[PDB]
Structure formats: C-alpha cells, structure tokens
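# Coordinate inspection notes
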Amino acid sequence: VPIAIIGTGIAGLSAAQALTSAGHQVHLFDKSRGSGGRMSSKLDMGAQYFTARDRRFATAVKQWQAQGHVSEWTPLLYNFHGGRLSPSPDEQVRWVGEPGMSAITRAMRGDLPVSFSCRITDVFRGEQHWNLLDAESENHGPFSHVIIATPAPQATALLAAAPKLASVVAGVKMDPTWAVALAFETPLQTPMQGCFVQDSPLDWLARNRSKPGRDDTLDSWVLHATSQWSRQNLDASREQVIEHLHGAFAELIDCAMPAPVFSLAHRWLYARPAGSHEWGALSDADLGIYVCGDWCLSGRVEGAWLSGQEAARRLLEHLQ
Amino acid sequence: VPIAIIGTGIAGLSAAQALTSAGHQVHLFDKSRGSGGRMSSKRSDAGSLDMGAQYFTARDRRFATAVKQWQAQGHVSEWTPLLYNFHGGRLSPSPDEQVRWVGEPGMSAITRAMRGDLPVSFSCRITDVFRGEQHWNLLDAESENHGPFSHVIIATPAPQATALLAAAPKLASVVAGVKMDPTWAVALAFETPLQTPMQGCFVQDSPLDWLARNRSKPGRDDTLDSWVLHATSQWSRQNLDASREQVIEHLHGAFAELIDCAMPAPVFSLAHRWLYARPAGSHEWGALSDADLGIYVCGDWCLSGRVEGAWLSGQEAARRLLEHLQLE
Ligand SMILES: Cc1cc2nc3c(=O)[nH]c(=O)nc-3n(C[C@H](O)[C@H](O)[C@H](O)COP(=O)(O)OP(=O)(O)OC[C@H]3O[C@@H](n4cnc5c(N)ncnc54)[C@H](O)[C@@H]3O)c2cc1C
Ligand SMILES: Cc1cc2nc3c(=O)[nH]c(=O)nc-3n(C[C@H](O)[C@H](O)[C@H](O)COP(=O)(O)OP(=O)(O)OC[C@H]3O[C@@H](n4cnc5c(N)ncnc54)[C@H](O)[C@@H]3O)c2cc1C
Ligand SMILES: NC(=O)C1=CN([C@@H]2O[C@H](COP(=O)(O)OP(=O)(O)OC[C@H]3O[C@@H](n4cnc5c(N)ncnc54)[C@H](O)[C@@H]3O)[C@@H](O)[C@H]2O)C=CC1
Ligand SMILES: NC(=O)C1=CN([C@@H]2O[C@H](COP(=O)(O)OP(=O)(O)OC[C@H]3O[C@@H](n4cnc5c(N)ncnc54)[C@H](O)[C@@H]3O)[C@@H](O)[C@H]2O)C=CC1
C-alpha cells in the first residue's frame, strides 16, 4: 500500500525520491496540471536561480548537473539604488535548471505515479490506512502514510487529524509576490542581465536569454515585485500589475524599450515565508503524517529539498 | 460594498440575518448546492430525510424567541415522539421533560427561510481569503475572484476555517487547535411500516447512539417508512474509511438487533459521512475575530456544538462587527 505525497514541488519530490530510493511506492497529488510548484511547471516566472550552501544539498546539485538538469548561471548583475543603476559584480555561484527551472522537479518526478488537477481537501485515517478526499468528493486511498508538502497556509487544511501540528503550521506566515514577464522581438540594448532593485515596486529582474540553454528567439524578462508592493496590490488585475511593473522597469532601464510581443503576470499568495525556521520537518510518527516545505527551514530551494529529505528520513525510520 | 459570509449553515445565516436587520448588505457563499449545512435535509426516493441534525433544544432565551417566530411562521414544530432507550440489551420507554423542535416539513425549512432572497453563490468553494489595501477578496476553487467585500465572516467547521484565515495566522492557530468528531448516518426505508410504537431511541453499548422515525415528524412524505440512524463518534472513527455499503450493513444490523418487531429488507438505504460533525469539546468564545483587519469567525464550535450554539455564534460575530464600524 503506497505512501501519499500531497504537493509536487521540490519538497514533495525530494521526499518522493528518498522513499523510492529506499524501495517504497508513492503516489503523488497536485491540484495543479503539472509538477514544480513555485519552481514553475514544464520563462521561469517563479524561482529564478538557487545557491547551495549545505553540503548535502550541494551534493544533490552535482547529481542534477551530471544528469543535465542544472547549469551554472553567471549573469552580469546590477543594482538599482537611489534612482541609479550600477554594475554589482560578485563571486556567488548561482544555479539554474536547464533548460528551465522546471526541469529539476520534472526529472525528480520522472514516472512516479501522480494525480494532477486533484485538489486534496481532507486527510483522515481509519484504524489502519489513510484516505484523501479531493475537491470533487472522490476518495483516494488506502495509503500507509501521508506526507504534506504544501505551503504552510495550504497544509493547515490537511492536518485536521493532528490539530496540534495544524496549530503550529497555521502560525507560519507566507508573503505574496506578483511576477510579470515581458518579451521583446528586438533585444533591449543593455548589457544588464539581472538587477537587484531598491526603492521600487520591483526588487528583482532577470533576462532569460542570459541563462544557459534557453531559447534566444525573443528577449524575455522576468520582473518580481516586492512583498510589500505585492500586498498593497494583492487584488489588482493582471493587466494593472503588468502596467505598473512594466512601468517600473521602463523607469530604471537605461535604454529604449519597444512594445512587447506578449506580457504575462502571475500571483503567488504564498510566495515565501516571512521568517526562518529550523524545524526541518514536522511529524506525527504515531499517526503516520509528516509535513515538509521550504518554510520548515530557510524558504529557498535548498530549504525545500532539505525539508523533504528530513520528512522521508523520519518516515523511513518509523517504517520499522 | 457588502460583507462576505462563507458558510450557509445556521451560524452563517444567523450572522446574515442580524447584519441585514441592521441595514447592512451581505453576500453568502457555500460550496454545496444548497444551504443548511449540517441541518440540511436530503431529497430522495424515500422523501426528505434529516440525515444531519435530527431535532434541537432551545435553552437560551434569545434563541427560544427565534424558534418561536419560526414556529409561528410554520417552519418548526414541537416534536413529541414516543422516545425509547436501548441499554443493556433491552428496549424501554424513555419519556422526559425536554422540549424538542424539528423543522417542518423538513429540518432544512428553517435555514431556508432564514436565507430567503439574500444574495448567495452556491457551488462555490472558497479556498483563499485575502485583502488588498481597502477590500477583502475570496478566491474559489475555479480560481475565480470574488469581491470587493468590506469584511469577511467565516462560518464553517473549524478545520475548514483554518485555510481561510491565512490573513490572520494568530487567529488561524487558535482555530486549527479545535478538534471535531466524525459521524456516520444511515437511512433505511420500508414499504410496510414497522409494527412498533417507537418513534425515536437513544442507544447505548452500540454502534448506534440514535435513531428516529420520519413518519413521526410533521409534514413528511409517508409513502415509505423511513428511519435515520446515527452512529457514535467512537464507532464512526473506528470505521471512518468504511464503504457506504459496509456502514449500511453494520448499522442496519445494529438496528435489527434492537427492534421489537419484525423487520423486512428495506426498499431503500443511504449512508452519509460527516468528518466534522460536532466539536469534540465545548468552548465559550462565542465568536473569534481580528476586527482591526475585518475578519470574523463563527460556528457551533465557538460554543456548545448544537443548533443553538451555532445560531448564537453567528449572532455574536455580527454584533461584534457592527460595534466595530464606528472605529473604522
Ligand atoms: C516569485 C518567486 C521567486 C522565488 N525565487 C527564488 C529564488 O530566486 N531562489 C530560491 O532559492 N527560491 C526562490 N523561491 C522559493 C522557491 O521557489 C521555494 O522555496 C520552493 O520552490 C518551494 O518548494 P516547496 O516544495 O516547499 O513548495 P511548492 O513549490 O509551493 O510546491 C507545493 C505544491 O503543492 C501543491 N498544492 C498546494 N495545495 C494543495 C492541495 N490542497 N492539494 C494538492 N496539491 C496542493 C501546489 O500546487 C504546489 O505544486 C521563489 C518563490 C517565488 C514564489
Ligand atoms: C450527523 C449529525 C447529527 C447532528 N445532530 C444534532 C442534534 O440532534 N441537535 C443539535 O443541536 N445539533 C446536531 N448537530 C449539530 C448541528 O447540526 C450543528 O451544530 C449546526 O447545524 C452547525 O451549523 P454551522 O452553521 O455552525 O455549520 P454548518 O452547518 O457545518 O455549515 C457550514 C457551511 O459551510 C460550508 N462550507 C464549508 N467549507 C466551505 C468553503 N471552503 N467554501 C464555502 N463554503 C464552505 C458547508 O458547505 C456548510 O454549508 C448534528 C450534526 C451532525 C453532523
Ligand atoms: N520573490 C520571492 O518570492 C522569493 C525570492 N527569494 C529570493 O531568492 C534569492 C536567492 O537567495 P540566496 O540563495 O540567499 O541568494 P543570494 O546569495 O543572491 O542572496 C540573496 C540576496 O543577497 C543580495 N545580493 C546578492 N548578490 C548581490 C549583488 N551582487 N548586488 C546586490 N545585492 C546582492 C540581494 O539583496 C538578494 O536578495 C534571493 O534574492 C531571495 O530574496 C526567495 C524566496 C522567495
Ligand atoms: N453522533 C451523533 O449522534 C451526533 C450527535 N449530536 C447530538 O446533538 C445532541 C444535542 O443534544 P441536546 O440539544 O442537549 O439534546 P438532548 O437534551 O436530547 O441531549 C442529548 C443527550 O442527552 C441524553 N438524553 C437526553 N434525553 C434522554 C432520554 N429521554 N433518554 C435517554 N437519554 C437522553 C443522551 O445522552 C443524548 O445524547 C448532542 O447531545 C449529541 O447527542 C451531535 C453531533 C453528532
């Protein structure tokens, strides 16, 4: 009887990889149409790049490199500060999924059993097995154990079987982020490939074609608003967000900007944890339910991967 | 700009009634096709069936007054069944001095009348509640936005409320700690009425804790002799993932064990599982709120876990909202 994993972002799939390497069967669930979560699903509108500071995660990254799914990104970086643009070089090693940030999670998932477009609404156990109800009122199960791998505010609904755990998870605040993508037929006449931005609706922007293995046909840029701006405009329409963030971009850019060939906006209500944690994972081993996600640790790709490893590690130890 | 109310059980609708009596506009939301929540009546080949709440008591003066208005409007009646008790393997009459009320012609008639022509969006499962600088917004399961709204009242079972409270994590953490017990219900219907005077029974030492006879209730469809069976939360937990057919089989058996007359195969049978049937314990909150932010929470689980507790909770949530407007 398989282990259910709810959420197919990096935390869920990291857990899935660990369980499957150990010879155990899983079944993955995601309310979305594909996997990846906040890494985006297979223009990189979500996570833009990641660092590896933890040796275990660094080892995982070298594995992905050897598989052809990540490469190093070394953009010409800028800072926008007090209304002026300046180069901001550094020696930070940064990684991207290749050919897109989505390739990492797509590879982790591989051919594992998965139910997409399946929003889980309830998680409950009988005397032996776990069961999931989805938004269509269809039952799924039996399952031997359950791993919740969602943003904290979306996990709370799935933890009704362990109210003390639910209560802890419910306290975890996540900030929203609006993202906008713009694509141009004629490349913008600048050497800038990325910018850290202050005193603006924006805090980050990136040039996709500067990333290894991307399609160079259009010059596409990703704009990420600050969480403060995002909150202030949380219920804005996509078109309004595009207009404001496109404007913020035109304001700071040092060159002409033609009309884009297309423009996109995407809102994450639960983009990132407001703070850091050291839990790693949360679990109720007695009941058989485990919780992981970036918000159990540092709120970065590395934190998500590590959190899912820890949940799996605990599950496997209790399978005994 | 109206006040959003998520949940159209009696708590949500009690809140709605109070706000509209005070001259404020609301818009109701429910994931179900209709209102009533755990009071709603099931339509079926065997008539309207009160598969959730079976009867209620009124102990609070304020609620009794409401019940009497409903009575005078024809939507509730005092129910006077021959009640029995099943204990240590024997059936005996269990008359008492408690007044019990039922909706007429079905339990759903109460909430239906409370909702009236208030604006409502049915089949609309709210998944996220968030605010911009001025207004509140609801996202549903179809990813469609609703708003703007001036304030939000959550009137769902606690475990279902927690997901809607992310804008107020301190509040969510409180709500998330509230445990609710499950209940399995079964309905059985017979072509020939069963030859017993029993119209309702409190049951101990059994998978069942309650059963009631529909033909003993005013205004029901008498065609079939229908009975509603409620399992204990303990049996319900132990069998929480049983199939509808297994539940019917077991509870039917428990009923056949206790009945004092012959019982033929029923002509029809239904089972319904409530994950969050009632709060595991009592509370005294009345309602919970982050008024500064404009979000309020109510439900049976803020008080006693009964129809009265839900109604009162909703009244309290509205009263708090109305009192706070002067500070906004
Ligand atoms: C705009 C943005 C930019 C970012 N930039 C960076 C960056 O530059 N570097 C960095 O390190 N990190 C960045 N992050 C963070 C990084 O993307 C996350 O830390 C990581 O992707 C989170 O992984 P996760 O598995 O914890 O959860 P997620 O990626 O959120 O995946 C959770 C999954 O669960 C699913 N789900 C939710 N509820 C349910 C349900 N009820 N039923 C079924 N499925 C459900 C979701 O659809 C989702 O697929 C960024 C995030 C955002 C939003
Ligand atoms: C089997 C059973 C038997 C009972 N018997 C009795 C009895 O004999 N006497 C008694 O006093 N009480 C009884 N009760 C309790 C009584 O039914 C409840 O206390 C009362 O009806 C609860 O009402 P409420 O408004 O608080 O919530 P509910 O009646 O649960 O209404 C909540 C509403 O919110 C909706 N909802 C939930 N989540 C969402 C969402 N995300 N988006 C939109 N809508 C949503 C639901 O669909 C529902 O309509 C019983 C309950 C059960 C389950
Ligand atoms: N927008 C969102 O929703 C989310 C964004 N993130 C972002 O993920 C990114 C990766 O974080 P880390 O792995 O710690 O990477 P990192 O080593 O690039 O450090 C991140 C922060 O350091 C500063 N910084 C680094 N190099 C700089 C330079 N050359 N010039 C000026 N400032 C510089 C920036 O302020 C940046 O936010 C961060 O930018 C973080 O804010 C993380 C989670 C969610
Ligand atoms: N699993 C279930 O059946 C569920 C039941 N409920 C019921 O809602 C009920 C509402 O009760 P109240 O409004 O206080 O009504 P009530 O005054 O009838 O009290 C109900 C309880 O009192 C006892 N009782 C009362 N009169 C009795 C008699 N004549 N003979 C034997 N026992 C008697 C029983 O234990 C019964 O459960 C709760 O007590 C609970 O039983 C609520 C949710 C789920």
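Residues numbered from 1 in each chain as written, not as in the entry; some residues may be left out. Chains lettered and ligands numbered in written order. Heavy atoms only, no water.

Per the deposited record, determination of this structure is attributed to X-ray crystallography, with the resolution reported as 1.997 Å.

### Re the domain arrangement of chain A
Bring the parts together and some accessible area is lost; that lost area is often taken as the interface size. Residue and element names in this part refer to chain A. Applied cut-off: Delimitation of the domains relies on an automatic or database domain assignment. Using a 1.4 Å probe, buried area is obtained as the accessible area two parts lose upon being combined, added over both of them. Any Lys or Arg side-chain nitrogen found within 4 Å of a carboxyl oxygen on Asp or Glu counts as a salt bridge. In protein, a polar contact means a hydrogen-donor-capable atom and an acceptor-capable atom, both N or O and within 3.5 Å, with residues adjacent in sequence counting only if both atoms are side-chain atoms; elsewhere, any N or O pair within 3.5 Å suffices. Counting from the N terminus, the helices are the DSSP runs of H or I reaching at least four residues and the strands are the DSSP runs of E reaching at least two. For this classification, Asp, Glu, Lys and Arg are treated as charged, while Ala, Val, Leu, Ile, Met, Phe, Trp, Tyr, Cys and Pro are nonpolar and the rest, including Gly, are polar.
Here chain A is partitioned into domain 1 (1-40 + 103-171 + 279-320) and domain 2 (41-102 + 172-278). If you average the C-alpha positions of domain 1 and of domain 2, the two centres end up 28 Å apart. Approximately 2,700 Å² of surface area, both sides summed, lies buried where domain 1 meets domain 2, with 62% of it carried by carbon and sulfur atoms. The three residues of domain 1 that bury the most area against domain 2 are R38, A103 and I104, which together make up 24% of that side's buried surface. The tally of links from domain 1 across to domain 2 stands at zero salt bridges. Our count for the contact surface shared by domain 1 and domain 2 stands at 17 residue pairs in polar contact. The set of elements that each furnish at least two residues to the side of domain 1 that touches domain 2 consists of helix 3 (102-109), helix 4 (152-155), helix 5 (163-170) and helix 8 (301-318). Counted by class, the side of domain 1 that touches domain 2 contains 18 nonpolar, nine polar and five charged residues.

### Re the site of ligand 3
Short version of the rule: Here a residue counts as near a molecule or strand whenever at least one of its heavy atoms sits within 4 Å of it.
Residues in contact with ligand 3 amount to 14 residues; listed here are only the nearest, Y49, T51, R53, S88 and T177 of chain A. Residues that form the shell around ligand 3 fall into these classes: three nonpolar, six polar and five charged.

### Observations concerning the pattern of salt bridges
Inclusion rule: For every residue, the accessible area obtained with a 1.4 Å probe (protein chains only) is divided by the maximum for its type, and the residue is called buried under 20%, exposed over 50%, and partly exposed between those limits.
Counted by the stated rule, this structure contains 23 salt bridges over all chains. Linking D50 of chain B and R220 of chain B is a salt bridge whose minimum nitrogen-to-oxygen distance equals 2.9 Å. Note that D50 of chain B is positioned in the loop between strand 2 (26-29) and helix 2 (61-73) and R220 of chain B in the loop between strand 14 (208-213) and strand 15 (225-231), a separation of 170 residues in sequence. No difference in accessibility class separates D50 of chain B from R220 of chain B, as the two residues are buried. Residues joined by salt bridges that share partners form a network here, namely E310, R313, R314 and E317 of chain A.

### Thoughts on the UniProt feature "binding site: FAD" in chain B
Residue and element names in this part refer to chain B. Going by this rule: UniProt positions are given in the numbering used here, feature names are shortened, and annotations may be inferred rather than shown by experiment. Put plainly, a pocket is an open set of points on a 1 Å grid over the protein atoms alone with protein on both sides within 12 Å along at least five of seven lines, a cavity is a set where a 1.4 Å probe fits but cannot get out, and a lining residue has an atom within 4 Å of a point. The criterion used for residue contact is that any of the two residues' heavy atoms lie within 4.5 Å.
UniProt annotation of "binding site: FAD" refers to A11, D30, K31, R38, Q54, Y55, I126, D300 and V307 when read in the numbering used here. These annotated residues cover 297 residues of sequence, and their C-alpha atoms sit far apart, with the largest distance between any two at 29.3 Å. Of the annotated positions named here, the largest cavity is lined by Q54. With respect to the helices, strands and loops of the structure, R38 is situated in the loop between strand 2 and helix 2. With relative accessibility at 24%, the residue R38 sits in the partly exposed group. Setting aside chain neighbours within four positions, we find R38 in contact with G52, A53, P157, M180, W274, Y276, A277, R278 and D300. Note on placement: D300 falls in the loop between strand 18 (295-297) and helix 8 (307-324). The exposure class assigned to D300 is buried, which follows from its relative accessible area of 6%. Ignoring sequence-local partners within four residues, the contact set of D300 consists of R38, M180, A277, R278, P279, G305, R306, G309 and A310.

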